[PDB]
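What follows is one chain in structure tokens, specifically the form solved without the DNA.
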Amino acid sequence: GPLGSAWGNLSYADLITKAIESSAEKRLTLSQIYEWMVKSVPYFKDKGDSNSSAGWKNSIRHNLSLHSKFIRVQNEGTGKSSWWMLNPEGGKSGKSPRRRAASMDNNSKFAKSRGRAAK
């Protein structure tokens, strides 16, 4: 029959869900879900334009607002970016791997000051 590659057609809800599942914490903020789609789906990568973002981001927010499987967690303090995750009882648990991150460097060596060059 037809189709022999890819996932066929994953809905917005499925992609949002996969982003959350892909996270080690099983929860993601809206910005993280956006980044996951840009890196995971070439369609959303191509549509990553600033103006296109209007419909891009609104559709995710609409799907999240259905709340059938999506739940929302407050954050530890800087709660402007709430967490979005899957209902845990409304699913099964799993574990996503982790990897190394961060680095450290420095671009300074001396201070700059001058004065008292007189008697």
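Residue numbers run from 1 along the displayed sequence.
If you look for the form solved in complex with the DNA, you will not find it shown, but the lines that follow are about it.
Contact of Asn87 with the DNA in the entry with it bound (heavy atom, 4.5 Å): No, no contact at 4.5 Å.
Exercise: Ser40 in contact with the DNA in the entry with it bound, heavy atom 4.5 Å: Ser40 lies outside the contact set for the DNA.
Residue contact check: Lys45 to the DNA in the entry with it bound, 4.5 Å heavy atom: No, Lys45 sits far enough from the DNA in the entry with it bound that none of its heavy atoms falls within 4.5 Å.
Close approach of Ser68 to the DNA in the entry with it bound, 4.5 Å, heavy atom: The answer is no: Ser68 has no heavy atom within 4.5 Å of the DNA.
Heavy atom contacts to the DNA in the entry with it bound at 4.5 Å, residues of 42-64 in sequence order: Stretch hits, in order: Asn58, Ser59, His62, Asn63.
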